[PDB]
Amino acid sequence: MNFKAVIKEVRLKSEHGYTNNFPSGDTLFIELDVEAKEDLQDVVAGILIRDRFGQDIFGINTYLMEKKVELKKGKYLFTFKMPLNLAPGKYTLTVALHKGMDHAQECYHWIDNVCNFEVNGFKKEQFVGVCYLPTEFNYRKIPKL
């Protein structure tokens, strides 16, 4: 990677305090301290949550999200917000900054498994399986009309 922009610190945040231990469904904030050695006109930041055994659980880009990011030389705060709709367990976070995405016109900075965090308990209902889909349920008697 060239290092025109750099991730200097990552912080995991609930809506009430910093922590690396969340109930399932709690809102997760990923904060990245970014520094841009120069002016970059198309920056793309990505996050990737992984399993305790290396399975990709979820990853996304600001390009995939259709969010344009232009930086000037200086320090920045990048924040990702998302419901932690994941089964209890042990996880790792991976992050990256680059310009392009197809054939990666260049890589600015990426940190493999920069962080460990865990998910314990349920803030919403209990469920089984890797992920949680918010669900509603109803039933009606139907007459043989």
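Note that residue numbering follows the sequence shown and begins at 1.
- [ ] Report the stretch with the higher mean CA temperature factor, choosing between 114-122 and 99-107 on the basis of the entry.
- [x] Per the PDB entry, the higher value belongs to 99-107.
Open item on the list: Per the record, averaged over C-alpha atoms, which has the higher B-factor: 46-54 or 86-94?
Closed with: Higher mean C-alpha B-factor in the PDB entry: 46-54.
TODO: Can you work out whether the C-alpha temperature factor of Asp39 puts it in the lowest, middle or highest third of the chain?
DONE: According to the entry, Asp39 has a C-alpha B-factor in the chain's highest third.
TODO: Quick one: classify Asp33 as lowest, middle or highest third of the chain based on its Cα B-factor.
DONE: Middle third - that is where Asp33 ends up once the chain's C-alpha B-factors are sorted.
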